[PDB]
Amino acid sequence: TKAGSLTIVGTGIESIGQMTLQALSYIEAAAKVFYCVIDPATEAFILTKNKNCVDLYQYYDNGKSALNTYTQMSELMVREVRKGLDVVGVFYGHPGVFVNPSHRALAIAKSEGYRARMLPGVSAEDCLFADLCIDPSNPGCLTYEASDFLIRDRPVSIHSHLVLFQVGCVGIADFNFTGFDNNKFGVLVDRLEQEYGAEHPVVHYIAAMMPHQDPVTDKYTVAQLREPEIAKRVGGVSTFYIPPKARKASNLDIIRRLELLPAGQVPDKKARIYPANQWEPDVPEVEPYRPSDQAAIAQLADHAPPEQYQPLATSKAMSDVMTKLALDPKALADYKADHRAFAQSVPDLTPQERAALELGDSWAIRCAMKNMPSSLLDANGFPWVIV
Amino acid sequence: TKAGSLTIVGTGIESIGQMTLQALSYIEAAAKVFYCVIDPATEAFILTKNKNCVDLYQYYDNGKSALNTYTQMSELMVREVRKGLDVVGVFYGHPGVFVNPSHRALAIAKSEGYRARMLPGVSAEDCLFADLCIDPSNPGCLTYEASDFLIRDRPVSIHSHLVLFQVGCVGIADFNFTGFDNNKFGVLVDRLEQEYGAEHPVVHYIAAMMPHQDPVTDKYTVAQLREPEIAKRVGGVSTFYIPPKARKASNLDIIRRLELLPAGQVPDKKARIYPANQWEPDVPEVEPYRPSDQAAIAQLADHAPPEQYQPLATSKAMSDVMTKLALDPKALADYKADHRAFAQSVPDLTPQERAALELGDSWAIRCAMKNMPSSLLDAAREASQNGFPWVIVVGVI
Ligand SMILES: C[S@@+](CC[C@H](N)C(=O)[O-])C[C@H]1O[C@@H](n2cnc3c(N)ncnc32)[C@H](O)[C@@H]1O
Ligand SMILES: C[S@@+](CC[C@H](N)C(=O)[O-])C[C@H]1O[C@@H](n2cnc3c(N)ncnc32)[C@H](O)[C@@H]1O
């Protein structure tokens, strides 16, 4: 209703490639773009996509508090929203993951009654999972800012993943163009030694920022982090991953109340699904091809899709319109204003496809796009993860 | 040297738009594509981008263990890798976040000496942060699978964010096409009552899967989750967000070791940085425009970029090649195989740009694309000494 909007989007971590299709489309559509990114290829790429961009990075300065910079960054965006423009703010990675000015600007915009939305992006933690070959679900994940971790004495779990952002700037309030002197780093190492022990592994992680670079995935002991040559390697794009120390056992009361037991059984805490976490100290080898695995693979020769499976059965015209709604913010806005009007103007849709667009309900769109078998409907069927 | 590769990529959560540019380019470049996605528009989109796709979802069945299905899905991918093909597996969201077969397939491919890589994507947790307007950094974030949370008695922190995936299938071991009766949901609700109290908020979160839909961001008390009408709403794509019950105070020893109070002390721990988390119970109003904020804004009129600021100073030819390397997997592989030959054949690069690309060093590329000041070039010679952005979470910093 009110003129003016703020859409905050991400670029991902690795230059250009980790930007989402929707982030790109919003950058292109914006009246004005404000950006804070940390590699020039991504900056150059953004400038090719919109003629009215402002680099927010110029609002940092030596001995200028980060908070004054962030107040300024968010005010530059919100000023343009107040003038009635469709504004896009761009921050590297996920624009809401360890970022101050995005949240400020959106909350101000929202409080003054403008449309305000954050679009998710690929974070450094997303890259971490991908590059270190770990899954937050197994065995759970604790994520902290390193200074907050120390100052608020945040709990660790030795049975779960621990991820620490900003380990290169422990206790730092003021910006500096030649980087952080991280001489309170030893305080973090003290905490890690107390929680995990001197010989426990810490993985120093830096996601590749350019498409041809390898990630840094260097394992050190907690004690090695005290060596000057090693502590020097930790910088402003460094994250630590600390693997679990032990496997947590199962709670017999919950096992009973969930009915996961037929008489006596033995699914051990150390009996793991392949593959095991390679960073975790003293983890045994797990066999990828056990007899049960071999038997499942043997069944592939006789495989047919089951009766209840729903094959895709759509059309070029329907696929085109669903793609357009995802990749054209203008088309989406029109559809959102008037389902019926929009749906009538779409060429080459079948009566079912048109009807389904008119309603906009998930089931109608699903039936138009998937053949639902008879065996299924005599009862929206989803995959999960076993941990 | 060994022929064949496995690249596993995500599609994000919201249909089509949340796919990354690199996920798309790998899908297009693949010899064979294997996918597991949960909306038809994303599925249809994938099929327009590659001619040799296989839907992995057909390997689920009633009375077939999930583990057997996952062994099968991974083996379909790795079989094609062993034949020397560039294979791409595709999973919705981030392909390594609450997903079994991706990790298995990659670990096998890696162990047998094939090129193997996972490309990250946008997870449901990423969507959650964006839609619920929260930052994992403030005040820290614990993320669990709901059944594992109960069975292993995983610890909560009442001072940090808690995110629980798979709240719609508590204790469920068998696959079935017609969904699941979440009959053991009450076991989760008891644990949440124990940890947080009956009146503590729980946010039922479902990210929009189609671009036109709105997310579900429905706040309930723990007690309200016992009502059948409310419990019925929690399904297979439901995640719970539980906000902090209290703010944690600061440690005086660390405040002293980090030298964060020259004057002694201030009088507050809940004098928050704007904005506050609007899901927290009894969160006070935070002032966005304090006198210090107004003073910072007043300085915008006279602002000039500092001397040390590095303006972009590149060329179309350089921007084009860096974009190509990011969006064309074949160009990237060629470049990686021989930096110098690749660099020689790029048209219209300046001598510095060519030299930078020949080396491949990130510092050299940066210096070819930005007008660097002497002081920053001085510091780099005698780890990367650049000012990078950082978040402030602790008010006293
Ligand atoms: C202000 S935050 C911004 C994070 C960003 N919004 C994201 O989505 O990851 C800066 C911190 O993110 C992490 N980070 C940024 N780039 C990284 C990279 N290439 N590899 C590993 N961690 C990184 C580091 O912990 C760094 O101190
Ligand atoms: C097997 S996992 C796969 C997760 C996916 N790889 C990702 O990156 O989020 C399924 C679980 O993810 C979460 N999930 C999936 N889709 C979601 C949505 N649209 N909104 C909220 N949570 C979702 C739910 O917790 C669900 O039970």
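Moving on, we get to the overall build of chain A. The helix and strand tally for chain A stands at 16 helices and 10 strands. With respect to the principal axes defined by its C-alpha atoms, chain A has extents near 70 × 65 × 40 Å. In chain A, buried positions account for 58% of the 387 residues. About 15600 Å² of surface is accessible on chain A, with carbon and sulfur atoms providing 49% of the total. Considering chain A, the positive charge centre built from 37 side chains and the negative charge centre built from 46 side chains are found 6 Å apart.

This paragraph deals with the overall build of chain B. Looking only at helices and strands, chain B has 16 helices and 10 strands in total. Residue burial in chain B is summarised as follows: out of 397 residues, 57% are buried. When the accessible surface of chain B is summed, it comes to about 15900 Å², and 49% of that surface belongs to carbon and sulfur atoms. Side-chain charges of chain B comprise 38 positive and 47 negative groups, with the mean position of each set lying 6 Å from the other.

Looking at ligand 2, there are 22 residues lining it, with B:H94, B:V97, B:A124, B:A207 and B:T239 nearest. With respect to ligand 2, the chains having nearby residues are chains A and B. In the model, an oxygen atom of ligand 2 is placed 3.0 Å from a nitrogen or oxygen of the B:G236 main chain. Separating an oxygen atom of ligand 2 from a side-chain N or O atom of B:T239 is a distance of 2.7 Å.

Taken together, the contact between chain A and chain B spans 168 residues of the former and 167 residues of the latter. For the pairing of chain A and chain B, the buried interface totals around 14400 Å² over both sides, and the portion due to carbon and sulfur atoms is 62%. The three residues of chain A that bury the most area against chain B are A:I151, A:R152 and A:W384, which together make up 6% of that side's buried surface. Our count for the chain A to chain B interface comes out at 11 salt bridges. Residue B:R117 is joined to A:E14 by a salt bridge in which the shortest nitrogen-to-oxygen separation is 2.8 Å. At the junction of chain A with chain B, the criterion picks out 69 residue pairs in polar contact. Of the residues forming the side of chain A that touches chain B, the biggest block, 10 residues, is contributed by helix α3 (residues 66–82) of chain A. Its residues assigned to classes, the side of chain A that touches chain B comprises 86 nonpolar, 49 polar and 33 charged. Here strand β6 (residues 141–145) of chain A pairs with strand β6 (residues 141–145) of chain B via three bridges, running antiparallel.

Let us now look at the sheet that holds strand β3 (residues 53–55) of chain B. Residue and element names in this part refer to chain B. Read across the open sheet, the five strands follow the order β3-β2-β4-β1-β5; overall the sheet is parallel. Two strands bound the open sheet, and with one partner strand each, they are β3 and β5 (115–118). The sheet shows a mean angle of 15 degrees between the axes of neighbouring strands, direction not considered. In this sheet, β3 lies alongside strand β2 (residues 32–36) in parallel orientation, the contact comprising three bridges. Across the sheet, residue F34 finds its bridge partner in β3, namely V54.

If you look at the biggest cluster of nonpolar residues, it comprises 78 residues, and the most contacted ones within it are A:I46, A:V90, A:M322, A:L357, B:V90, B:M322 and B:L357. Apart from the residues within four sequence positions on either side, A:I46 is in contact with A:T11, A:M19, A:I27, A:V33, A:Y35, A:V37, A:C53 and A:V90. B:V170, B:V202, B:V234 and B:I397 belong to the second-largest nonpolar core, a separate cluster that totals 60 residues.

Turning to the domain arrangement of chain A, a few remarks are in order. Residues and elements named next belong to chain A. By the assigned domains, chain A splits into domain 1 (5–121), domain 2 (123–303) and domain 3 (316–377). With centres defined by C-alpha atoms, the gap from domain 1 to domain 3 works out at 31 Å. Taken together, the contact between domain 1 and domain 3 spans five residues of the former and four residues of the latter. Interface of domain 1 and domain 3: buried area, both sides summed, is about 310 Å²; carbon and sulfur atoms make up 73% of it.

We now examine the pairing of strand β10 (residues 239–242) of chain A. Residue and element names in this part refer to chain A. Of the two faces of β10, the one lined by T239 and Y241 and the one lined by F240 and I242 are each fully buried. The pairing of strand β7 (residues 161–165) with β10 spans four bridges and is classified as antiparallel. Within β10, the residue paired with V163 across the bridge is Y241. As paired strands, strand β8 (residues 201–206) and β10 are joined by three bridges and run antiparallel to one another.

Take the domain arrangement of chain B next. Assigned domains of chain B: these are domain 1 (5–121), domain 2 (125–242) and domain 3 (316–372). Centre-to-centre, using C-alpha coordinates, domain 2 of chain B lies 46 Å away from domain 3 of chain B.

Right, let's get into the site of ligand 1. Not every one of the 22 residues close to ligand 1 is listed here, only the nearest: A:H94, A:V97, A:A124, A:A207 and A:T239. At the site occupied by ligand 1, nearby residues are drawn from chains A and B. In the environment of ligand 1, a nitrogen atom lies 3.2 Å from a nitrogen or oxygen atom belonging to the backbone of A:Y92. Between an oxygen atom of ligand 1 and a main-chain N or O atom of A:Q166, the distance comes to 2.9 Å. If ligand 1 stood free it would expose 580 Å²; the protein chains cover 98% of that surface. Of the residues belonging to the shell around ligand 1, the class tally is 15 nonpolar, seven polar and no charged.

Residue and element names in this part refer to chain A. Following both chains from N to C, one finds α3 and helix α4 (residues 101–111) inclined at 35 degrees, their axes separated by 8 Å at the closest point. For α3 against α4, the interelement crossing comes out right-handed. Contact residues: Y70, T71, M73, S74, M77, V78 and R82 in α3; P101, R104, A105, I108 and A109 in α4. Partitioning the contact of α3 with α4 into residue classes produces eight nonpolar, two polar and two charged.

So, on to unusual backbone geometry. What is expected of a backbone is that most residues other than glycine have negative phi and most peptide bonds are trans. Across the junction of A:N138 and A:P139, the peptide omega takes the value 15 degrees, indicating a cis bond. Cis peptide bonds are those with omega within 30 degrees of zero, and the linkage from B:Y274 to B:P275 qualifies with 5 degrees. Along the chain, B:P275 turns up in the loop between α9 (252–257) and α10 (291–298). In this model, A:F98 sits at a positive phi of 55 degrees, which is unusual for a non-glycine residue. Along the chain, A:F98 turns up in the loop between β4 (86–91) and α4.

Within this structure, the stated rule accounts for 21 aromatic pairs over all chains. On the numbers, 6.2 Å between centres and 70 degrees between planes, the contact of B:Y57 with B:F177 is edge-to-face. Here B:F177 lies in the loop between β7 (161–165) and α7 (185–196) and B:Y57 lies in the loop between β3 and α3 (66–82), a separation of 120 residues in the sequence. With relative accessibility at 2%, the residue B:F177 sits in the buried group. Taken together through their ring pairs, the aromatic side chains of A:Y57, A:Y60, A:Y70, A:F175 and A:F177 make up a single cluster. Against the face of B:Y289 rests A:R104, its NZ or CZ located 5.2 Å from the ring centre. In this structure, A:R191 is placed above the aromatic ring of A:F149, and the distance from its NZ or CZ to the ring centre is 4.3 Å.

Conventions used here
Residues numbered from 1 in each chain as written, not as in the entry; some residues may be left out. Chains lettered and ligands numbered in written order. Heavy atoms only, no water. Helix = DSSP H or I, 4+ residues; strand = E, 2+ residues; numbered from the N terminus. Buried < 20%, exposed > 50% of the residue type's maximum accessible area, 1.4 Å probe, protein only. Areas by Shrake-Rupley, 256 points an atom, 1.4 Å probe, with all protein chains shown as cover. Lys, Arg positive; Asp, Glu negative; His and termini not counted. Charge placed at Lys NZ, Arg CZ, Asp CG, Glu CD. Near = heavy atom within 4 Å. Polar contact = N/O pair within 3.5 Å; in protein donor to acceptor, adjacent residues only side chain to side chain. Contact = heavy atoms within 4.5 Å. Buried area = accessible area lost by both parts, 1.4 Å probe. Salt bridge = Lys/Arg side-chain N within 4 Å of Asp/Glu carboxyl O. Nonpolar A, V, L, I, M, F, W, Y, C, P; charged D, E, K, R; others polar. Pairing = 2+ DSSP bridges. Axes fitted to C-alpha atoms, helices over the stretch in contact; angles between N-to-C directions. Core = buried A, V, L, I, M, F, W, Y, C linked by side-chain atoms within 4.5 Å. Domains from an automatic or database assignment. Left-handed = near helix turned anticlockwise from the far one by under 90°. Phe/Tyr/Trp six-rings, centres within 6.5 Å; stacked < 30°, edge-to-face > 60°. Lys NZ or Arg CZ within 6 Å of the ring centre and 35° of its normal.

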